Amino acid sequence: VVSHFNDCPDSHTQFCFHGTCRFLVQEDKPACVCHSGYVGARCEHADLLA
């Protein structure tokens, strides 16, 4: 009813420090969504300025 991806599973609730997470339920595949401002493989760091 909302779309085709139910936010994220209950186990991988944390796939990235600073960055949302989506889940292709059509092909089961968790991913990360970093917001403009964070940096690092796991967005663990922060863009000093922007």
# chains A, B, ... in the order shown; residues from 1 in each chain; ligands from 1
>>> closest_atom_pairs(of="range 20-44 of chain A", to="range 7-10 of chain A", cutoff="10 Å", atoms="only C-alpha atoms", output="Markdown table")
| residue | atom | partner | partner_atom | distance |
| --- | --- | --- | --- | --- |
| A:20 | CA | A:7 | CA | 9.0 |
| A:21 | CA | A:8 | CA | 6.3 |
| A:22 | CA | A:7 | CA | 5.5 |
| A:23 | CA | A:8 | CA | 5.4 |
| A:24 | CA | A:8 | CA | 8.9 |
| A:25 | CA | A:8 | CA | 9.1 |
| A:28 | CA | A:9 | CA | 10.0 |
| A:29 | CA | A:8 | CA | 9.9 |
| A:30 | CA | A:8 | CA | 7.4 |
| A:31 | CA | A:8 | CA | 9.0 |
>>> write_last_selection(atoms="N, CA, C and O atoms", output="compact mmCIF listing (two decimals), in the first residue's frame")
# COMPACT_ATOMS: atom_id res chain seq x y z
N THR A 20 20.14 6.21 6.78
CA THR A 20 18.96 5.30 6.80
C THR A 20 19.30 3.99 6.08
O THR A 20 20.41 3.78 5.64
N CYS A 21 18.32 3.12 5.99
CA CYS A 21 18.57 1.82 5.31
C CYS A 21 17.30 1.32 4.62
O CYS A 21 16.24 1.32 5.22
N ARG A 22 17.44 0.92 3.39
CA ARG A 22 16.25 0.39 2.64
C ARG A 22 16.42 -1.11 2.43
O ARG A 22 17.46 -1.66 2.75
N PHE A 23 15.41 -1.75 1.91
CA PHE A 23 15.52 -3.23 1.72
C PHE A 23 14.74 -3.69 0.49
O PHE A 23 13.53 -3.76 0.51
N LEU A 24 15.46 -4.02 -0.54
CA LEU A 24 14.77 -4.51 -1.76
C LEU A 24 14.08 -5.83 -1.43
O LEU A 24 14.70 -6.87 -1.44
N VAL A 25 12.81 -5.74 -1.14
CA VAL A 25 12.06 -6.97 -0.80
C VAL A 25 11.78 -7.76 -2.07
O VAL A 25 11.31 -8.89 -2.02
N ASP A 28 15.44 -9.26 -1.96
CA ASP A 28 16.11 -9.31 -0.61
C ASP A 28 17.54 -8.75 -0.68
O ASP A 28 18.48 -9.46 -0.97
N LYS A 29 17.67 -7.47 -0.41
CA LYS A 29 19.03 -6.85 -0.44
C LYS A 29 19.06 -5.54 0.40
O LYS A 29 18.56 -4.52 -0.04
N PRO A 30 19.64 -5.58 1.61
CA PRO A 30 19.70 -4.39 2.46
C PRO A 30 20.70 -3.37 1.90
O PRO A 30 21.73 -3.75 1.37
N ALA A 31 20.38 -2.12 2.03
CA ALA A 31 21.31 -1.06 1.54
C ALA A 31 21.36 0.08 2.54
O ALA A 31 20.62 0.11 3.50
>>> residues_around(residues="range 36-38 of chain A", least_positions_apart="2", cutoff="6 Å", atoms="only C-alpha atoms", output="PyMOL selection string")
chain A and resi 43+46-47+50
>>> write_last_selection(atoms="N, CA, C and O atoms", output="CSV table (one decimal), in the first residue's frame")
chain,number,residue,atom,x,y,z
A,43,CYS,N,29.5,5.8,7.0
A,43,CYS,CA,29.1,7.2,7.4
A,43,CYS,C,29.4,7.4,8.9
A,43,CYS,O,28.8,8.2,9.6
A,46,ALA,N,32.2,12.4,9.8
A,46,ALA,CA,31.3,13.6,9.5
A,46,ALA,C,32.0,14.6,8.6
A,46,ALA,O,33.2,14.9,8.8
A,47,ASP,N,31.3,15.1,7.7
A,47,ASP,CA,31.9,16.1,6.8
A,47,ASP,C,32.1,17.4,7.6
A,47,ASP,O,31.3,18.2,7.7
A,50,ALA,N,30.6,20.7,5.2
A,50,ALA,CA,29.4,20.2,4.5
A,50,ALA,C,29.9,19.4,3.2
A,50,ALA,O,31.1,19.2,3.1
>>> residues_around(residues="residue 39 in chain A", least_positions_apart="3", cutoff="12 Å", atoms="only C-alpha atoms", output="PDB file with C-alpha atoms, in the first residue's frame")
ATOM      1  CA  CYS A  16      25.057   2.212   8.751  1.00  0.00           C
ATOM      2  CA  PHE A  17      25.963   4.580  11.595  1.00  0.00           C
ATOM      3  CA  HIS A  18      24.592   7.802  10.093  1.00  0.00           C
ATOM      4  CA  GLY A  19      22.453   6.768   7.129  1.00  0.00           C
ATOM      5  CA  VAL A  33      21.135   5.744   2.731  1.00  0.00           C
ATOM      6  CA  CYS A  34      23.599   8.395   3.891  1.00  0.00           C
ATOM      7  CA  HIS A  35      22.297  11.950   4.342  1.00  0.00           C
ATOM      8  CA  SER A  36      24.164  14.869   2.769  1.00  0.00           C
ATOM      9  CA  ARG A  42      29.699   3.420   7.200  1.00  0.00           C
ATOM     10  CA  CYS A  43      29.113   7.175   7.382  1.00  0.00           C
ATOM     11  CA  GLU A  44      30.852   6.886  10.763  1.00  0.00           C
ATOM     12  CA  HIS A  45      32.779  10.103  10.081  1.00  0.00           C
ATOM     13  CA  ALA A  46      31.326  13.571   9.494  1.00  0.00           C
ATOM     14  CA  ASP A  47      31.907  16.120   6.784  1.00  0.00           C
ATOM     15  CA  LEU A  48      33.765  18.757   8.892  1.00  0.00           C
ATOM     16  CA  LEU A  49      31.715  21.497   7.197  1.00  0.00           C
ATOM     17  CA  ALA A  50      29.402  20.212   4.462  1.00  0.00           C
TER      18      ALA A  50
END
>>> select_by_dssp(residues="chain A", states="strand (DSSP E or B)", output="ChimeraX atom specification")
/A:20-24,29-33,36,38-39,45-46
>>> write_last_selection(atoms="N, CA, C and O atoms", output="mmCIF file, in the first residue's frame")
data_model
loop_
_atom_site.group_PDB
_atom_site.id
_atom_site.type_symbol
_atom_site.label_atom_id
_atom_site.label_comp_id
_atom_site.auth_asym_id
_atom_site.auth_seq_id
_atom_site.Cartn_x
_atom_site.Cartn_y
_atom_site.Cartn_z
ATOM 1 N N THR A 20 20.140 6.212 6.780
ATOM 2 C CA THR A 20 18.962 5.298 6.797
ATOM 3 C C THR A 20 19.296 3.986 6.082
ATOM 4 O O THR A 20 20.407 3.784 5.636
ATOM 5 N N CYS A 21 18.324 3.124 5.987
ATOM 6 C CA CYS A 21 18.571 1.820 5.306
ATOM 7 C C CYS A 21 17.298 1.325 4.623
ATOM 8 O O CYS A 21 16.238 1.320 5.215
ATOM 9 N N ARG A 22 17.437 0.917 3.388
ATOM 10 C CA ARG A 22 16.252 0.392 2.640
ATOM 11 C C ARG A 22 16.419 -1.113 2.432
ATOM 12 O O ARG A 22 17.456 -1.663 2.746
ATOM 13 N N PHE A 23 15.409 -1.754 1.911
ATOM 14 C CA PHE A 23 15.525 -3.230 1.717
ATOM 15 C C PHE A 23 14.745 -3.695 0.493
ATOM 16 O O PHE A 23 13.532 -3.755 0.511
ATOM 17 N N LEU A 24 15.457 -4.022 -0.544
ATOM 18 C CA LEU A 24 14.771 -4.512 -1.762
ATOM 19 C C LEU A 24 14.079 -5.825 -1.432
ATOM 20 O O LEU A 24 14.696 -6.874 -1.435
ATOM 21 N N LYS A 29 17.665 -7.473 -0.408
ATOM 22 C CA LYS A 29 19.030 -6.854 -0.444
ATOM 23 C C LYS A 29 19.058 -5.543 0.400
ATOM 24 O O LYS A 29 18.558 -4.524 -0.038
ATOM 25 N N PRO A 30 19.639 -5.585 1.610
ATOM 26 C CA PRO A 30 19.702 -4.388 2.460
ATOM 27 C C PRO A 30 20.703 -3.375 1.901
ATOM 28 O O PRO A 30 21.730 -3.746 1.366
ATOM 29 N N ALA A 31 20.380 -2.120 2.034
ATOM 30 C CA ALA A 31 21.306 -1.063 1.536
ATOM 31 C C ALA A 31 21.365 0.085 2.536
ATOM 32 O O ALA A 31 20.618 0.114 3.497
ATOM 33 N N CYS A 32 22.238 1.015 2.273
ATOM 34 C CA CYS A 32 22.393 2.177 3.200
ATOM 35 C C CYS A 32 21.974 3.477 2.510
ATOM 36 O O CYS A 32 22.040 3.591 1.302
ATOM 37 N N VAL A 33 21.550 4.427 3.300
ATOM 38 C CA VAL A 33 21.135 5.744 2.731
ATOM 39 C C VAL A 33 21.760 6.866 3.562
ATOM 40 O O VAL A 33 21.209 7.287 4.559
ATOM 41 N N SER A 36 23.109 13.904 3.190
ATOM 42 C CA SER A 36 24.164 14.869 2.769
ATOM 43 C C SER A 36 24.774 15.554 3.996
ATOM 44 O O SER A 36 24.206 16.481 4.538
ATOM 45 N N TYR A 38 27.248 13.429 6.081
ATOM 46 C CA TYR A 38 28.101 12.386 6.739
ATOM 47 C C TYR A 38 29.030 11.735 5.712
ATOM 48 O O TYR A 38 28.756 11.755 4.529
ATOM 49 N N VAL A 39 30.115 11.181 6.186
ATOM 50 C CA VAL A 39 31.071 10.527 5.242
ATOM 51 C C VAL A 39 31.694 9.280 5.886
ATOM 52 O O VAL A 39 31.639 9.107 7.087
ATOM 53 N N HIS A 45 32.129 8.764 9.954
ATOM 54 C CA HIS A 45 32.779 10.103 10.081
ATOM 55 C C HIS A 45 31.762 11.214 9.787
ATOM 56 O O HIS A 45 30.593 10.950 9.580
ATOM 57 N N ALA A 46 32.236 12.432 9.761
ATOM 58 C CA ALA A 46 31.326 13.571 9.494
ATOM 59 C C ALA A 46 32.020 14.598 8.620
ATOM 60 O O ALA A 46 33.174 14.914 8.821
#
